[PDB]
Structure formats: C-alpha cells, structure tokens
C-alpha cells in the first residue's frame, strides 16, 4: 500500500525526480490537519459496532427479501458473513482515512470483490446500500462539533466520503 507521502515518492522515482516544493506544500497541508484526521479515525472507529449494526438493520428493513428464507442473508452463517463484510469495509475505509490514501482499501478489500459476489450470488447493489448507510453515519459522528476543539473539517469529510463512495462503486 501507499500512504499519502509514499504515493508522491513512487510517482517521483519513476521520473527520477525530487519531490517538488509544490508537492511538499500539499503534504504540509495534510500534516497541519493531522489532529483532525486522527479525531475522525478515532470517532468512526469508536462507533464501529453501532455503525455496522444500525446500517445492517436499516438495510434488511428496506430489503426484506435479503433475510427471507432462501435470501442471501438468510441462515446464521450467511447473516454473520454479511455483518462481517460490512465491518470489513468500514475497517478498510478507516485505514484509508488514517493513511490519506486509497491504496489499502483498493488493494486488500475492493480488488475482485464484485466478482466474488457475482460467483456467490450476493447482490452487490444491496451491499452498496449498506456501505452508503455506514458512510452517512460515519461522517455524522466524525463531524459532530460537540466534544472537540472547534474548527473546520470540511476537506477531511469530503475525503472520507470519497473512500466510502469508492467502496460502494466497486460493488454497485
């Protein structure tokens, strides 16, 4: 995987180039927002169980066919695998937030997921819905002004949302 810093370096090496004063400024920006970034990671993580459970409950309520006998989420083993997948995606998304780069999420989580679900007969559109519900709940908790020094986290939230969207689009 790459973090934000390593991504720049790898694109520089293939050019035999030094990191530009420009790219340095962009990395300096990320560093300046570093504490906000870790607050977001801590907050989403500290609510991981509820985020998954609440998103799954809502999903099954909107799509009762998923849990009716014969449905993909029917039986304990399948229900548990479903909940596990939700937790997995949330986990890899937080890795991407922490690292400031999507490679971890794409490489170790999204790669081949669509095709896996195809082979199993798991409905990807439904997974994408579950992922979007986690996204909204996660940003909501991350961006709550209560209990944190006041300041603007808008760019971070837009970045957080892009990682969730990438996950959803990978299986939609």
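Numbering follows the first chain given and starts at 1.
Between 14-22 and 144-152, it is 14-22 that carries the larger average Cα temperature factor according to the deposited entry. Look at the mean CA B-factor for 23-31 and for 135-143 in the entry; the higher one is 23-31. Each of 114, 57, 43, 37 has a CA temperature factor in the record; the biggest one is found at 114.
You'll see in the entry that, of 118, 127, 67, 52, the Cα B factor peaks at 118.
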